Ligand SMILES: [Br-]
Ligand SMILES: [Br-]
Ligand SMILES: [Br-]
């Protein structure tokens, strides 16, 4: 029997998460169910609401599937904050597998009200400004810098910037209107919003750990999943879990390449921190890590254990 699943997300249709992740995912699900499981894709919040509401919509069955950024709803998924800490991430391939095993084990309570398809992340984000090259933390002093989540905006404050939080569709307008001077994002999301034309100076870090990442949630309504036939359940589950997280991370590592090329072809510079400037950023990061452990403790979680577990899972998959 045929079944229609409503997918909802915030980026426009050409963004990688839609065109190069959810669309081919839905095509595989269609092929492997012999045309029976039909995902209808609604990008750009085309079923109503604002990006932070995607988790409520999928939890309550307003829609059947969403892709979103966990930290767009602050405090709702506290375990996952550990993966947002400064200099936590390796490749998206390694860090996404770590995220999924984390969610399958010690962080499972965060997502108990949902059917998890995968939890994964982008390649470590970069620092973008209109024109000023960021050579060290001091260059961020007085700069109004966007981050995706409260953890990441606190990283930015710890580096000396004036933090501003917002979902990514708001960034281009905030840049054009002077609300922000720059932002952190991975390369891959930028062309969908013309962000590589609005910022020409870009900074990354050298070494084995990137600046930050933020967890993505790819989720299905639990009641809808439970209503599927055993046969349809197996198609979904064959396209879910650790193998999907790994594939997603591999995809997101690759997405950086064409997007970086667009940004440099548009006249951008890319500078990589090392040495003293990098060490200074990492030392600042350690402070936010310590503060996060306290914050996790105060919310009833073993912050120190969670940070160790995250780090050990990232190294486990860093092959
Ligand atoms: Br600037
Ligand atoms: Br928005
Ligand atoms: Br780069």
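In the numbering used here, the protein residues as written are 468 to 786. For each residue, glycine too, the CB sits at the ideal point set by N, CA and C.
Below 8 Å between beta carbons: does that hold for residue 617 and residue 638?
-> In this structure, residue 638 does not lie closer than 8 Å to residue 617 by Cβ.
Residue ranges of each alpha helix (DSSP H) within the stretch 547-580, 4 or longer = DSSP assignment within the stretch 547-580 yields the following whole alpha helix (DSSP H) runs of 4 residues or more, N-terminal first: 559-571.
Residue interval of the alpha helix (DSSP H) (run including residue 722) | Counting along the chain, the alpha helix (DSSP H) containing residue 722 begins and ends at 709-732.
Please list, in chain order, all residues of the same chain as residue 518 whose beta carbon is under 8 Å from its beta carbon, the five residues on each side excluded.
-> The beta carbon of residue 518 is closer than 8 Å to those of 477, 512, 535, 536, 539, 634, 636 in its chain, skipping five residues each way along the sequence.
Measure the C-alpha to C-alpha separation of residue 499 and residue 702 and round it to an integer number of angstroms.
-> When rounded, the distance between both Cα atoms is 7 Å.
Cross-strand partners of residue 739 (DSSP beta bridge) = As DSSP reads the structure, residue 739 sits in a beta bridge with 671.
Any chance the CB of residue 637 is under 7 Å from a heavy atom of ligand 2?
-> Yes, since a heavy atom of ligand 2 falls inside the 7 Å radius drawn around the Cβ of residue 637.
How is the alpha helix (DSSP H) around residue 682 delimited, first residue to last?
-> Residue 682 -> not in any alpha helix (DSSP H); beta strand (DSSP E) instead, spanning 682-688.
Any alpha helix (DSSP H) of 4 or more consecutive residues that is wholly inside the stretch 570-653 | The stretch 570-653 contains these whole alpha helix (DSSP H) runs: 617-625, 638-643.
Which residues share a DSSP beta bridge with residue 544?
-> Answer by DSSP bridge pairing: none, since residue 544 is not bridged.
Could you check what DSSP says for residue 476 in three-state terms: helix, strand or coil?
-> In the structure shown, residue 476 falls within a strand segment according to DSSP collapsed to helix, strand and coil.
Simplified DSSP state of residue 756, which is helix, strand or coil | Secondary structure of residue 756 (DSSP, three-state): helix.
Which stretch, first to last residue, makes up the beta strand (DSSP E) that contains residue 535?
-> 532-536 is the extent of the beta strand (DSSP E) around residue 535.
Mind checking whether residue 651 and residue 739 have CB atoms under 8 Å apart?
-> The answer is no: Cβ separation not under 8 Å.
Which partner residues does residue 504 have in the DSSP bridge list?
-> Beta-bridge pairing links residue 504 to 470.
Give the secondary structure of residue 539 by DSSP, where H, G and I count as helix, E and B as strand, and everything else as coil.
-> Note: residue 539 maps to helix in three-state DSSP.
Between the C-alpha atoms of residue 496 and residue 718, what's the straight-line distance to the nearest angstrom?
-> Cα to Cα, residue 496 sits roughly 18 Å from residue 718.
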